[PDB]
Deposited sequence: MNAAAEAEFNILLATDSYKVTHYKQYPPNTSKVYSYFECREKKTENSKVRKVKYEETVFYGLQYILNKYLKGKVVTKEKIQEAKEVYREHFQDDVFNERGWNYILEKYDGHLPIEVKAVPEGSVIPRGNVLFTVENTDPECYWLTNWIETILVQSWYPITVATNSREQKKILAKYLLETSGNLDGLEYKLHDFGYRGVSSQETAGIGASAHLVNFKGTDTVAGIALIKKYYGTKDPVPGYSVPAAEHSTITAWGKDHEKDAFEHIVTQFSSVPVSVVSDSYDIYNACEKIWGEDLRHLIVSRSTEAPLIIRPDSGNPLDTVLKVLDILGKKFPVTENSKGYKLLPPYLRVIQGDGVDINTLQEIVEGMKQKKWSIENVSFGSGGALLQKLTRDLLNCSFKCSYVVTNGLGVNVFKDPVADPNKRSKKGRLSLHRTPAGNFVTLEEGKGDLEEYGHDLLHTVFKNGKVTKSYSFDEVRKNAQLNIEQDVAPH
């Protein structure tokens, strides 16, 4: 990996576009005005991509060649990178300040800032924009995942009286549905800020390498069937597949996909009649989890629950909501996103079904159907020093007031009523509020402030 290469190609030419005698470029990141945002992921990028000796003579040579053919011209500035190699032993003369990892922060607030610490490296601030802006993805995943937890929290507490096992209510099925291997690890780790359930163990490895956990089980999964594992038995032998699978996993939880041919036949006749004797004997810590995977998500879940309620003992909990026996649950792992999740739990509630009966899985929508625009994650220059004089800078496009950026040196503060305010134009120096909530996390090639994933999770906790 070459950091000289890991930027928007046109930024190669930017060192020549700044006002002459510019010694300082100061830039910031915000989720421009999902009213709250989980700040997560910078620490990964800092350690993996920016830390330590990132400049070498070889990497400078490679970039020279690569940009020579890309631009069909020598626009690449060797001198600027030679300077960093020679004066700082390839360590980047940059200071990064950020709110704590896991922080839940209202939109339109400064989340991190970037400035050069050496006047010669004024151009460096915006060179690393591209790599740092990719922090939008872990942020958006963690945020969207948290918003789903809120809906589940509301309805679980409504229908059961507590939040027991909330952190297991949404499983990450996103591995195959993401754009790459690196994305799966990043996105799975972000989901894990909020829940424990994941089919992507690369997320666990990212957590341990870059954050660290104390607790013994950072993320979990259970044995589960897939379509090939049922259909391989042949159309006429679905019961045989079911019986074989639950006996192989008699002592542990097992998820079994039940819609290969006819979900409602599988629930009523196979699970509820033919194999009913093998279900009712199961332990509370080893339920059968039936997984429908097609049709309208609400209509299916409702009819599934109706069928099971007619074949198995149903209790009514203290909140007046119907409950399956402890050895039998449902997972809805198809068509679940923040919108449909809400419709399912509400529909369940309306039909007097407790949310403890059903857990959820999401894939493409949880990890892939997300963009920069969702939270308007943006990096902008707000402050420069030219001819030894500070200048507050900004954009303010005439046709779009939502695209206006903040001016001058920024700081984040706690207000008297416990809310947040970003102070612009260096007004943080007035000390009318407490201290700036941003900490220096990176300075001169070194990570200077870090958080465990135990701290991240704690920071991202719901407010109950």
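Missing CA stretches, deposited numbering from 1, N-terminus first: Several regions go unmodelled: 1-8, 42-53, 485-491.
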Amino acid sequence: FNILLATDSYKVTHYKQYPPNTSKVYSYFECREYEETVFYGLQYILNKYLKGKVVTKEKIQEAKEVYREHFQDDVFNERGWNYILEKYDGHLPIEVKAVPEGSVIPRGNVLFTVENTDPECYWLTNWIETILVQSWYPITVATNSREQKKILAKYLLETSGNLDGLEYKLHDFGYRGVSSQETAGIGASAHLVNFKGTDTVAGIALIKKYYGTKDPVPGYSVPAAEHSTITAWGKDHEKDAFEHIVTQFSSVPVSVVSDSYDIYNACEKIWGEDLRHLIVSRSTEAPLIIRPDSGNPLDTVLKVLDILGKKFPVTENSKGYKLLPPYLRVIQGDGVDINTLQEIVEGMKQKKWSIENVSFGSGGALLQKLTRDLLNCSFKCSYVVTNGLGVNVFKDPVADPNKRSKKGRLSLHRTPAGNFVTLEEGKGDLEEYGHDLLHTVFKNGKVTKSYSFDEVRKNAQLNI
From here on, numbers count along this sequence of modelled residues.
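Higher-scoring stretch by recorded Cα B factor average, 367-375 or 351-359: That would be 367-375.
Which of 120-128 and 142-150 has higher mean CA B factor, as the PDB entry lists it: That would be 120-128.
Residue, from 399, 38, 46, 412, that the PDB entry assigns the highest Cα B-factor: Of the candidates given, the C-alpha B-factor peaks at 399.
Modelled-residue ranking by C-alpha temperature factor, third containing residue 274: Ranked within chain, residue 274 CA B lands in the highest tercile.
Ranked C-alpha temperature factor of residue 417 among modelled chain residues, by third: Its C-alpha B-factor belongs to the highest third of this chain's values.
Lowest, middle or highest third - CA B-factor, residue 318: Middle third, going by the recorded CA B-factors of the chain.
Third assignment of residue 405 from its chain's C-alpha B-factors: Middle third.
Where the record places residue 261 (Cα B-factor, split into thirds across the chain): Bottom third by C-alpha B-factor.
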